[PDB]
$ cat data.pdb   # PDB, N, CA and C atoms
ATOM      1  N   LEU A   1     -51.502  48.128 -25.060
ATOM      2  CA  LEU A   1     -50.987  46.793 -25.334
ATOM      3  C   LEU A   1     -49.736  46.823 -26.199
ATOM      4  N   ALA A   2     -49.522  47.896 -26.965
ATOM      5  CA  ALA A   2     -48.323  47.987 -27.793
ATOM      6  C   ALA A   2     -47.076  48.210 -26.948
ATOM      7  N   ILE A   3     -47.210  48.927 -25.833
ATOM      8  CA  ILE A   3     -46.081  49.068 -24.922
ATOM      9  C   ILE A   3     -46.071  47.938 -23.902
ATOM     10  N   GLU A   4     -47.230  47.328 -23.638
ATOM     11  CA  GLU A   4     -47.279  46.198 -22.715
ATOM     12  C   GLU A   4     -46.504  45.009 -23.267
ATOM     13  N   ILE A   5     -46.539  44.816 -24.584
ATOM     14  CA  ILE A   5     -45.817  43.721 -25.223
ATOM     15  C   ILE A   5     -44.343  44.084 -25.336
ATOM     16  N   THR A   6     -43.981  45.276 -24.869
ATOM     17  CA  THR A   6     -42.587  45.691 -24.767
ATOM     18  C   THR A   6     -42.032  45.568 -23.358
ATOM     19  N   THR A   7     -42.775  46.029 -22.348
ATOM     20  CA  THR A   7     -42.350  45.815 -20.970
ATOM     21  C   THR A   7     -42.282  44.329 -20.649
ATOM     22  N   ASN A   8     -43.263  43.558 -21.122
ATOM     23  CA  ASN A   8     -43.208  42.111 -20.956
ATOM     24  C   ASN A   8     -42.034  41.515 -21.720
ATOM     25  N   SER A   9     -41.767  42.021 -22.926
ATOM     26  CA  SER A   9     -40.662  41.504 -23.724
ATOM     27  C   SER A   9     -39.304  41.771 -23.088
ATOM     28  N   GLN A  10     -39.100  42.954 -22.508
ATOM     29  CA  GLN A  10     -37.816  43.274 -21.899
ATOM     30  C   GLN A  10     -37.630  42.588 -20.551
ATOM     31  N   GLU A  11     -38.711  42.405 -19.788
ATOM     32  CA  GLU A  11     -38.591  41.693 -18.521
ATOM     33  C   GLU A  11     -38.443  40.192 -18.738
ATOM     34  N   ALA A  12     -39.067  39.650 -19.788
ATOM     35  CA  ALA A  12     -38.862  38.244 -20.117
ATOM     36  C   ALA A  12     -37.418  37.983 -20.521
ATOM     37  N   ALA A  13     -36.842  38.869 -21.337
ATOM     38  CA  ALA A  13     -35.430  38.760 -21.677
ATOM     39  C   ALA A  13     -34.538  38.915 -20.454
ATOM     40  N   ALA A  14     -34.873  39.837 -19.550
ATOM     41  CA  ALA A  14     -34.141  39.954 -18.295
ATOM     42  C   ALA A  14     -34.284  38.697 -17.448
ATOM     43  N   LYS A  15     -35.486  38.118 -17.404
ATOM     44  CA  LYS A  15     -35.679  36.866 -16.681
ATOM     45  C   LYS A  15     -34.857  35.744 -17.301
ATOM     46  N   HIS A  16     -34.809  35.687 -18.634
ATOM     47  CA  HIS A  16     -34.010  34.669 -19.305
ATOM     48  C   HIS A  16     -32.526  34.849 -19.011
ATOM     49  N   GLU A  17     -32.048  36.096 -19.014
ATOM     50  CA  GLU A  17     -30.648  36.353 -18.695
ATOM     51  C   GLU A  17     -30.332  35.989 -17.250
ATOM     52  N   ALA A  18     -31.251  36.287 -16.329
ATOM     53  CA  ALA A  18     -31.038  35.949 -14.925
ATOM     54  C   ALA A  18     -30.939  34.441 -14.736
ATOM     55  N   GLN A  19     -31.795  33.686 -15.427
ATOM     56  CA  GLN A  19     -31.711  32.230 -15.365
ATOM     57  C   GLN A  19     -30.399  31.731 -15.954
ATOM     58  N   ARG A  20     -29.938  32.359 -17.038
ATOM     59  CA  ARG A  20     -28.652  31.988 -17.621
ATOM     60  C   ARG A  20     -27.515  32.243 -16.639
ATOM     61  N   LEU A  21     -27.533  33.402 -15.976
ATOM     62  CA  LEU A  21     -26.499  33.705 -14.993
ATOM     63  C   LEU A  21     -26.608  32.795 -13.776
ATOM     64  N   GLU A  22     -27.833  32.529 -13.320
ATOM     65  CA  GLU A  22     -28.023  31.673 -12.152
ATOM     66  C   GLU A  22     -27.518  30.260 -12.420
ATOM     67  N   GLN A  23     -27.844  29.710 -13.592
ATOM     68  CA  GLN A  23     -27.364  28.378 -13.938
ATOM     69  C   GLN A  23     -25.851  28.358 -14.116
ATOM     70  N   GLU A  24     -25.285  29.402 -14.726
ATOM     71  CA  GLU A  24     -23.833  29.496 -14.836
ATOM     72  C   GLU A  24     -23.180  29.573 -13.462
ATOM     73  N   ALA A  25     -23.744  30.385 -12.565
ATOM     74  CA  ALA A  25     -23.219  30.467 -11.206
ATOM     75  C   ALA A  25     -23.349  29.130 -10.489
ATOM     76  N   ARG A  26     -24.511  28.484 -10.608
ATOM     77  CA  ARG A  26     -24.674  27.146 -10.054
ATOM     78  C   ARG A  26     -23.776  26.133 -10.748
ATOM     79  N   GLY A  27     -23.567  26.280 -12.059
ATOM     80  CA  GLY A  27     -22.629  25.420 -12.757
ATOM     81  C   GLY A  27     -21.211  25.498 -12.241
ATOM     82  N   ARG A  28     -20.717  26.703 -11.951
ATOM     83  CA  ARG A  28     -19.387  26.854 -11.371
ATOM     84  C   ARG A  28     -19.345  26.470  -9.898
ATOM     85  N   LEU A  29     -20.453  26.648  -9.175
ATOM     86  CA  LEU A  29     -20.519  26.158  -7.804
ATOM     87  C   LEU A  29     -20.432  24.640  -7.759
ATOM     88  N   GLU A  30     -21.022  23.961  -8.745
ATOM     89  CA  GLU A  30     -20.865  22.513  -8.840
ATOM     90  C   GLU A  30     -19.422  22.136  -9.151
ATOM     91  N   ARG A  31     -18.741  22.934  -9.979
ATOM     92  CA  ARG A  31     -17.317  22.717 -10.215
ATOM     93  C   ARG A  31     -16.522  22.824  -8.922
ATOM     94  N   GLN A  32     -16.786  23.866  -8.135
ATOM     95  CA  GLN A  32     -15.992  24.099  -6.933
ATOM     96  C   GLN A  32     -16.311  23.080  -5.843
ATOM     97  N   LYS A  33     -17.580  22.683  -5.719
ATOM     98  CA  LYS A  33     -17.952  21.694  -4.711
ATOM     99  C   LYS A  33     -17.264  20.361  -4.969
ATOM    100  N   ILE A  34     -17.256  19.918  -6.228
ATOM    101  CA  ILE A  34     -16.645  18.636  -6.561
ATOM    102  C   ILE A  34     -15.132  18.706  -6.401
ATOM    103  N   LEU A  35     -14.523  19.814  -6.829
ATOM    104  CA  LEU A  35     -13.074  19.957  -6.708
ATOM    105  C   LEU A  35     -12.643  19.993  -5.245
ATOM    106  N   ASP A  36     -13.365  20.753  -4.417
ATOM    107  CA  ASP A  36     -13.056  20.785  -2.992
ATOM    108  C   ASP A  36     -13.253  19.419  -2.351
ATOM    109  N   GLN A  37     -14.302  18.695  -2.747
ATOM    110  CA  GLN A  37     -14.481  17.339  -2.242
ATOM    111  C   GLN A  37     -13.379  16.410  -2.731
ATOM    112  N   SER A  38     -12.857  16.634  -3.940
ATOM    113  CA  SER A  38     -11.725  15.835  -4.397
ATOM    114  C   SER A  38     -10.480  16.099  -3.559
ATOM    115  N   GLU A  39     -10.219  17.361  -3.208
ATOM    116  CA  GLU A  39      -9.093  17.660  -2.324
ATOM    117  C   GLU A  39      -9.311  17.057  -0.939
ATOM    118  N   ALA A  40     -10.550  17.109  -0.448
ATOM    119  CA  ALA A  40     -10.872  16.490   0.831
ATOM    120  C   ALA A  40     -10.625  14.990   0.797
ATOM    121  N   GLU A  41     -10.983  14.328  -0.305
ATOM    122  CA  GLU A  41     -10.705  12.902  -0.439
ATOM    123  C   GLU A  41      -9.208  12.640  -0.555
ATOM    124  N   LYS A  42      -8.477  13.534  -1.226
ATOM    125  CA  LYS A  42      -7.022  13.423  -1.253
ATOM    126  C   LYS A  42      -6.455  13.383   0.157
ATOM    127  N   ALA A  43      -6.843  14.347   0.994
ATOM    128  CA  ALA A  43      -6.357  14.364   2.374
ATOM    129  C   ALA A  43      -6.869  13.162   3.162
ATOM    130  N   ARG A  44      -8.119  12.764   2.916
ATOM    131  CA  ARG A  44      -8.687  11.604   3.589
ATOM    132  C   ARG A  44      -7.924  10.336   3.239
ATOM    133  N   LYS A  45      -7.237  10.317   2.097
ATOM    134  CA  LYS A  45      -6.406   9.162   1.770
ATOM    135  C   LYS A  45      -5.318   8.944   2.819
ATOM    136  N   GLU A  46      -4.540   9.986   3.131
ATOM    137  CA  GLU A  46      -3.523   9.829   4.169
ATOM    138  C   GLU A  46      -4.159   9.705   5.547
ATOM    139  N   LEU A  47      -5.298  10.371   5.771
ATOM    140  CA  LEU A  47      -5.992  10.192   7.044
ATOM    141  C   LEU A  47      -6.345   8.728   7.268
ATOM    142  N   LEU A  48      -6.847   8.060   6.233
ATOM    143  CA  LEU A  48      -7.238   6.664   6.348
ATOM    144  C   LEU A  48      -6.033   5.738   6.358
ATOM    145  N   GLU A  49      -4.926   6.129   5.722
ATOM    146  CA  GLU A  49      -3.683   5.381   5.898
ATOM    147  C   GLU A  49      -3.252   5.391   7.361
ATOM    148  N   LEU A  50      -3.267   6.574   7.978
ATOM    149  CA  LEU A  50      -2.902   6.696   9.386
ATOM    150  C   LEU A  50      -3.885   5.948  10.277
ATOM    151  N   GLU A  51      -5.179   6.031   9.964
ATOM    152  CA  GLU A  51      -6.180   5.308  10.740
ATOM    153  C   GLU A  51      -6.023   3.803  10.593
TER     154      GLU A  51
ATOM    155  N   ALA B   1     -11.868   6.157  -4.615
ATOM    156  CA  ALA B   1     -11.555   4.743  -4.765
ATOM    157  C   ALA B   1     -10.220   4.405  -4.119
ATOM    158  N   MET B   2      -9.211   5.259  -4.311
ATOM    159  CA  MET B   2      -7.926   5.024  -3.655
ATOM    160  C   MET B   2      -8.063   5.077  -2.137
ATOM    161  N   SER B   3      -8.817   6.055  -1.630
ATOM    162  CA  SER B   3      -9.010   6.188  -0.189
ATOM    163  C   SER B   3      -9.764   4.991   0.377
ATOM    164  N   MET B   4     -10.811   4.547  -0.320
ATOM    165  CA  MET B   4     -11.555   3.375   0.121
ATOM    166  C   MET B   4     -10.685   2.129   0.078
ATOM    167  N   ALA B   5      -9.851   1.998  -0.955
ATOM    168  CA  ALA B   5      -8.960   0.850  -1.047
ATOM    169  C   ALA B   5      -7.994   0.814   0.127
ATOM    170  N   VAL B   6      -7.349   1.946   0.419
ATOM    171  CA  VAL B   6      -6.374   1.945   1.503
ATOM    172  C   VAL B   6      -7.062   1.757   2.852
ATOM    173  N   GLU B   7      -8.229   2.377   3.058
ATOM    174  CA  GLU B   7      -8.945   2.202   4.316
ATOM    175  C   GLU B   7      -9.398   0.761   4.511
ATOM    176  N   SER B   8      -9.968   0.147   3.474
ATOM    177  CA  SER B   8     -10.454  -1.221   3.597
ATOM    178  C   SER B   8      -9.303  -2.199   3.784
ATOM    179  N   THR B   9      -8.204  -2.019   3.043
ATOM    180  CA  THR B   9      -7.070  -2.912   3.224
ATOM    181  C   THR B   9      -6.418  -2.729   4.587
ATOM    182  N   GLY B  10      -6.375  -1.509   5.119
ATOM    183  CA  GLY B  10      -5.867  -1.305   6.460
ATOM    184  C   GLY B  10      -6.751  -1.942   7.509
ATOM    185  N   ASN B  11      -8.068  -1.767   7.372
ATOM    186  CA  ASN B  11      -9.003  -2.362   8.318
ATOM    187  C   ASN B  11      -8.955  -3.883   8.294
ATOM    188  N   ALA B  12      -8.846  -4.488   7.113
ATOM    189  CA  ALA B  12      -8.719  -5.934   6.999
ATOM    190  C   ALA B  12      -7.379  -6.449   7.499
ATOM    191  N   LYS B  13      -6.278  -5.796   7.118
ATOM    192  CA  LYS B  13      -4.955  -6.198   7.559
ATOM    193  C   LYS B  13      -4.767  -6.044   9.059
ATOM    194  N   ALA B  14      -5.385  -5.047   9.689
ATOM    195  CA  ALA B  14      -5.311  -4.921  11.137
ATOM    196  C   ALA B  14      -5.942  -6.116  11.841
ATOM    197  N   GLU B  15      -7.189  -6.433  11.489
ATOM    198  CA  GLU B  15      -7.900  -7.546  12.101
ATOM    199  C   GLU B  15      -7.317  -8.895  11.711
ATOM    200  N   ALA B  16      -6.575  -8.967  10.608
ATOM    201  CA  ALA B  16      -5.909 -10.194  10.207
ATOM    202  C   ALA B  16      -4.549 -10.374  10.865
ATOM    203  N   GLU B  17      -3.758  -9.311  10.982
ATOM    204  CA  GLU B  17      -2.434  -9.350  11.585
ATOM    205  C   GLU B  17      -2.472  -9.411  13.099
ATOM    206  N   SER B  18      -3.482  -8.817  13.740
ATOM    207  CA  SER B  18      -3.656  -9.045  15.170
ATOM    208  C   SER B  18      -3.905 -10.519  15.448
ATOM    209  N   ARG B  19      -4.765 -11.147  14.642
ATOM    210  CA  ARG B  19      -5.013 -12.576  14.783
ATOM    211  C   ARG B  19      -3.747 -13.381  14.522
ATOM    212  N   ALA B  20      -2.980 -13.008  13.495
ATOM    213  CA  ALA B  20      -1.731 -13.695  13.192
ATOM    214  C   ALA B  20      -0.699 -13.570  14.305
ATOM    215  N   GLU B  21      -0.526 -12.382  14.883
ATOM    216  CA  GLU B  21       0.389 -12.179  15.998
ATOM    217  C   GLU B  21      -0.053 -12.952  17.235
ATOM    218  N   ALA B  22      -1.352 -12.916  17.545
ATOM    219  CA  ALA B  22      -1.859 -13.689  18.672
ATOM    220  C   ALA B  22      -1.635 -15.178  18.452
ATOM    221  N   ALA B  23      -1.836 -15.650  17.221
ATOM    222  CA  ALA B  23      -1.622 -17.058  16.919
ATOM    223  C   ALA B  23      -0.147 -17.430  17.002
ATOM    224  N   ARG B  24       0.746 -16.523  16.596
ATOM    225  CA  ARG B  24       2.177 -16.779  16.741
ATOM    226  C   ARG B  24       2.561 -16.896  18.211
ATOM    227  N   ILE B  25       2.046 -15.986  19.040
ATOM    228  CA  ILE B  25       2.330 -16.048  20.470
ATOM    229  C   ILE B  25       1.771 -17.333  21.066
ATOM    230  N   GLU B  26       0.554 -17.715  20.667
ATOM    231  CA  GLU B  26      -0.021 -18.976  21.115
ATOM    232  C   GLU B  26       0.774 -20.182  20.644
ATOM    233  N   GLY B  27       1.337 -20.150  19.443
ATOM    234  CA  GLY B  27       2.162 -21.246  18.976
ATOM    235  C   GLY B  27       3.444 -21.394  19.768
ATOM    236  N   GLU B  28       4.121 -20.271  20.027
ATOM    237  CA  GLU B  28       5.326 -20.326  20.850
ATOM    238  C   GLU B  28       5.003 -20.790  22.267
ATOM    239  N   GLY B  29       3.931 -20.260  22.847
ATOM    240  CA  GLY B  29       3.484 -20.702  24.147
ATOM    241  C   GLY B  29       3.159 -22.177  24.147
ATOM    242  N   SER B  30       2.472 -22.645  23.102
ATOM    243  CA  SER B  30       2.060 -24.040  23.028
ATOM    244  C   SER B  30       3.256 -24.968  22.930
ATOM    245  N   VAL B  31       4.267 -24.602  22.136
ATOM    246  CA  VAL B  31       5.449 -25.455  22.059
ATOM    247  C   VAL B  31       6.229 -25.439  23.370
ATOM    248  N   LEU B  32       6.284 -24.300  24.064
ATOM    249  CA  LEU B  32       6.961 -24.290  25.356
ATOM    250  C   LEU B  32       6.209 -25.106  26.408
ATOM    251  N   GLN B  33       4.876 -24.995  26.445
ATOM    252  CA  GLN B  33       4.088 -25.865  27.313
ATOM    253  C   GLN B  33       4.223 -27.321  26.908
ATOM    254  N   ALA B  34       4.382 -27.596  25.615
ATOM    255  CA  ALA B  34       4.619 -28.954  25.159
ATOM    256  C   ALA B  34       5.927 -29.509  25.693
ATOM    257  N   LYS B  35       6.997 -28.718  25.667
ATOM    258  CA  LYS B  35       8.245 -29.111  26.314
ATOM    259  C   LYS B  35       8.082 -29.339  27.813
ATOM    260  N   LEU B  36       7.420 -28.415  28.510
ATOM    261  CA  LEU B  36       7.285 -28.537  29.960
ATOM    262  C   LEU B  36       6.433 -29.745  30.340
ATOM    263  N   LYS B  37       5.301 -29.932  29.660
ATOM    264  CA  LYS B  37       4.450 -31.096  29.858
ATOM    265  C   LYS B  37       5.133 -32.386  29.438
ATOM    266  N   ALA B  38       5.984 -32.347  28.412
ATOM    267  CA  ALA B  38       6.764 -33.519  28.045
ATOM    268  C   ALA B  38       7.704 -33.919  29.169
ATOM    269  N   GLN B  39       8.385 -32.943  29.770
ATOM    270  CA  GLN B  39       9.223 -33.235  30.930
ATOM    271  C   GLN B  39       8.387 -33.785  32.081
ATOM    272  N   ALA B  40       7.220 -33.180  32.319
ATOM    273  CA  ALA B  40       6.358 -33.619  33.412
ATOM    274  C   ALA B  40       5.912 -35.063  33.227
ATOM    275  N   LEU B  41       5.474 -35.421  32.018
ATOM    276  CA  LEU B  41       5.065 -36.796  31.752
ATOM    277  C   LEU B  41       6.253 -37.749  31.811
ATOM    278  N   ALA B  42       7.387 -37.353  31.228
ATOM    279  CA  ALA B  42       8.568 -38.203  31.202
ATOM    280  C   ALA B  42       9.148 -38.451  32.581
ATOM    281  N   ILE B  43       8.875 -37.589  33.558
ATOM    282  CA  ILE B  43       9.271 -37.861  34.932
ATOM    283  C   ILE B  43       8.170 -38.547  35.739
ATOM    284  N   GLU B  44       6.896 -38.198  35.525
ATOM    285  CA  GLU B  44       5.799 -38.846  36.233
ATOM    286  C   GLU B  44       5.723 -40.326  35.896
ATOM    287  N   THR B  45       5.736 -40.661  34.608
ATOM    288  CA  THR B  45       5.675 -42.048  34.175
ATOM    289  C   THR B  45       6.951 -42.811  34.499
ATOM    290  N   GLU B  46       8.095 -42.129  34.548
ATOM    291  CA  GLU B  46       9.350 -42.745  34.957
ATOM    292  C   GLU B  46       9.342 -43.138  36.428
ATOM    293  N   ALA B  47       8.859 -42.252  37.300
ATOM    294  CA  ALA B  47       8.738 -42.603  38.710
ATOM    295  C   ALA B  47       7.664 -43.664  38.918
ATOM    296  N   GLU B  48       6.524 -43.513  38.238
ATOM    297  CA  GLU B  48       5.469 -44.513  38.323
ATOM    298  C   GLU B  48       5.914 -45.831  37.705
ATOM    299  N   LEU B  49       6.862 -45.780  36.764
ATOM    300  CA  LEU B  49       7.450 -47.009  36.245
ATOM    301  C   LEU B  49       8.145 -47.785  37.354
ATOM    302  N   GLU B  50       8.929 -47.093  38.183
ATOM    303  CA  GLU B  50       9.528 -47.734  39.349
ATOM    304  C   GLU B  50       8.456 -48.165  40.339
TER     305      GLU B  50
END

$ encode --input "data.pdb" --output "structure tokens"
Amino acid sequence: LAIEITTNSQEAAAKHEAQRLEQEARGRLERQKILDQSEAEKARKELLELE
Amino acid sequence: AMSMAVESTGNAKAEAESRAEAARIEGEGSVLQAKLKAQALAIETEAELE
């Protein structure tokens, strides 16, 4: 149990880091999705002018 | 919001200006028919006057 509370401790920290990276990656994916949709709306402005 | 504004104003102005152009053509047509019918009445009633 003395080493078990170490393997669990290091994998829990690895799990916490993975969640931090996953949320950061998802956080930047949300940045890119909104920005790309903003550019799409920019182009849709002239598209709708022409329409 | 800008895209929706331009799209909605274009869609409204199209359906409004088509109606306006059709009404202008109908007005010109109506005044020309008014002239032609005025001549028709002014000659029909003139002959019927005799």

$ resolve_selection --input "data.pdb" --expression "the PyMOL selection byres ((chain A) within 7 of (chain B))" --output "MDAnalysis selection string"
chainID A and resid 41 44:46 48:49 51

$ axis_aligned_box --input "data.pdb" --around "range 27-36 of chain B" --padding-each-side "3 Å" --output "lines of an AutoDock Vina configuration file"
center_x = 4.8
center_y = -24.9
center_z = 24.7
size_x = 12.9
size_y = 15.6
size_z = 17.4

$ atom_distance --input "data.pdb" --atom1 "CA of residue 44 in chain B" --atom2 "CA of residue 27 in chain B"
24.9 Å

$ atom_distance --input "data.pdb" --atom1 "atom C of residue 32 in chain B" --atom2 "atom N of residue 45 in chain B"
17.6 Å
